[PDB]
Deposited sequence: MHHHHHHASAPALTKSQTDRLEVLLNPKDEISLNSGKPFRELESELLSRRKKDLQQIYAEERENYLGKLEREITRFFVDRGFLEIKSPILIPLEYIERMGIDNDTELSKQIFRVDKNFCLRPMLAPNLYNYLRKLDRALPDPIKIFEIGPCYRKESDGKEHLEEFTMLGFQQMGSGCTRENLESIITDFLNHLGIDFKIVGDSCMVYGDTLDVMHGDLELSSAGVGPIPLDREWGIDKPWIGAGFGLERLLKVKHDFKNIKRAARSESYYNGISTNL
């Protein structure tokens, strides 16, 4: 008998991208399931015996070293942010993002992006640090999303920003290119303040920008800048050839892309 769709769904959960197994063959569900269960248990045993590091944590640490080594200051700013920061960012009711905010209490929200906190740090650090000011942050961000293989409601974003001298599109593309070649992730930069997107096929890895833009004034910024935001789970999805970004997420259902339901 052919596998049911439910049985195929179950096998897909246990299938990893490097497997050379095809579900289409005549072998019965129970034997395919037992084979994949054995493989995934061995995969977890090998992680536990050797490296023991979580993909998302390890990627954050690798990205951190890259940017610290390039002269960027590591920022850790609040995840629970004032709701007023959303409106200040120009996110009004005519934008998609206005409907995607997780509100907390009556005056706070889970941050959907890093830009407000990075703007505040640029303004404050400009009183103390020499030109140019280079900063970055990695951490959780939150958006309400429709179901989709490329979106999480709880994800992790890298944001970096440079302000002052050297804030050219060329320098921005050079940072992006060195960064993704360091990680081993294929990309194309697409673009015509200037804006550009970093694409892996149809998947957006990053949106980047060149300042100054009119919004800067509301944040007390009056210098040129360049910066970009990257989703870490999307980087992991591409690097490991996951079919669904849920394999890369903070999760109780997957560990380093391996099903925990064994």
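Asks: Enumerate the deposited-sequence segments absent from the coordinates, judged by C-alpha atoms, in order of position.
Replies: No coordinates exist for the deposited residues in 1-10, 203-207, so these stretches are absent from the model.
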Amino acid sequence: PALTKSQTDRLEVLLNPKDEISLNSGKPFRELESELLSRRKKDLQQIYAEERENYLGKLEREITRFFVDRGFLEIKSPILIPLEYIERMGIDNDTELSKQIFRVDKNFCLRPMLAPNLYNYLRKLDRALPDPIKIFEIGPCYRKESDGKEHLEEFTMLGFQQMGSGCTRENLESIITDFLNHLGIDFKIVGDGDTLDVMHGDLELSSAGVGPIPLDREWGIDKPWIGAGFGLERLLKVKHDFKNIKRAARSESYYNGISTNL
From here on, numbers count along this sequence of modelled residues.
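Asks: Relative to the other PDB entries of this protein in the set, is residue 192 coordinate-less in at least a third?
Replies: Residue 192: unmodelled in at least a third of the other compared entries.
Asks: Which is higher on average in the deposited entry, the C-alpha temperature factors of 76-84 or of 99-107?
Replies: Per the PDB record, 99-107.
Asks: So 249-257 or 10-18, which one's hotter by mean CA B-factor in the entry?
Replies: Going by the record's values, the stretch with the higher mean is 10-18.
Asks: Using the temperature factors in the entry, find which of 123, 143, 134, 188 has the highest value at its Cα atom.
Replies: Comparing C-alpha B-factors across 123, 143, 134, 188, the top value belongs to 188.
Asks: Can you tell me which of 171, 117, 161, 93 has the highest Cα temperature factor in the record?
Replies: Highest C-alpha B-factor among the listed options: 93.
Asks: Pull the Cα B-factor of residue 203 out of the PDB entry and bin it into the chain's lowest, middle or highest third.
Replies: Highest third, going by the recorded CA B-factors of the chain.
Asks: Would you check the entry's CA temperature factor for residue 32 and let me know if it's in the chain's lowest, middle or highest third?
Replies: Within its chain, residue 32 is a highest-third residue by C-alpha B-factor, going by the deposited values.
Asks: Split into thirds by Cα B-factor across the chain's modelled residues, where does residue 149 land: lowest, middle or highest?
Replies: Highest third - that is where residue 149 ends up once the chain's C-alpha B-factors are sorted.
Asks: Among all modelled residues of this chain, ranked by Cα B factor, put residue 64 in the bottom, middle or top third, i.e. lowest, middle or highest.
Replies: Tercile = lowest for this residue's CA B-factor.
Asks: Could you say whether, by C-alpha temperature factor, residue 215 belongs to the lowest, middle or highest third of its chain?
Replies: Ranked within chain, residue 215 CA B lands in the highest tercile.
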